[PDB]
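Taken in order, these protein sequences are the chains called B and A.
Sequence positions in the first sequence follow the entry's author numbering and run 3230 to 3305, 3320 to 3325.
Residues in the second sequence are numbered from 3230 upward in steps of one, following the entry's author numbering.
One structure is given below, encoded as structure tokens.
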Amino acid sequence: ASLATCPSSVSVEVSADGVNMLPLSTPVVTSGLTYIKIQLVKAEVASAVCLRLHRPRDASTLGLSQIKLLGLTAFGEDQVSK
Amino acid sequence: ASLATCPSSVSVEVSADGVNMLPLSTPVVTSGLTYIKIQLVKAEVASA
């Protein structure tokens, strides 16, 4: 409804062991985006994730609706050619 | 109310004589801006 409060850029840091927190890339810009998709080409073994959301371009507040964490569990063509 | 449709960048061109249309600068990004302000340091005599 009011995405003027959407963060300008978000920086994701992951932790397989849950303590060593390492960045993944430069903060991806998110201003003016209705649907935030961050694809991971390589599926990452993660126990802890830190989301550093930066201040919006023309706002001092953050308005958020839902966080989804899409992944696979341990037991939940090109792969043979090599 | 719904600024998801706000343009990403605007490129302003002026014409003192109204025919020779020429750019002023690189398009300034504007996505996620509620108030679009372009300050002109040197005031410009523009007809178009």
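Quick reminder that beta carbons are idealized off the backbone N, C-alpha and C, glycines included.
Given that residue i touches chain B, what residues does it touch there, using C-beta distances under 9 Å?
{"i": "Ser3238/A", "result": "Per Cβ cutoff of 9 Å: no residues; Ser3238/A is ~11 Å from chain B at best."}
At least one CB of chain B closer than 9 Å to the CB of residue i: is that the case?
{"i": "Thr3263/A", "result": "yes"}
{"i": "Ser3260/A", "result": "yes"}
{"i": "residue 3177/A", "result": "No answer is possible for residue 3177/A: the residues shown for chain A start at 3230 and end at 3277."}
Can you give the Cα-Cα distance for residue i and residue j, rounded to whole angstroms?
{"i": "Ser3254/B", "j": "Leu3298/B", "result": "18 Å"}
{"i": "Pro3285/B", "j": "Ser3294/B", "result": "16 Å"}
{"i": "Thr3263/A", "j": "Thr3234/A", "result": "11 Å"}
{"i": "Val3248/A", "j": "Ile3267/A", "result": "23 Å"}
{"i": "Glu3242/A", "j": "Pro3252/A", "result": "4 Å"}
{"i": "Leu3280/B", "j": "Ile3296/B", "result": "11 Å"}
Assuming residue i and residue j form a contact by the criterion Cβ under 8 Å, report the distance between their Cβ atoms to the nearest whole angstrom.
{"i": "residue 3281/A", "j": "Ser3238/A", "result": "A query on residue 3281/A cannot be resolved here, the shown segment of chain A reaching from 3230 to 3277 and no further."}
{"i": "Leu3282/B", "j": "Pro3236/B", "result": "4 Å"}
{"i": "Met3250/A", "j": "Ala3277/A", "result": "7 Å"}
Below 7 Å between beta carbons is the criterion; list the residues of the stretch 3276 to 3304 of chain B that meet it against any residue of chain A, in chain order. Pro3285, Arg3286, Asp3287
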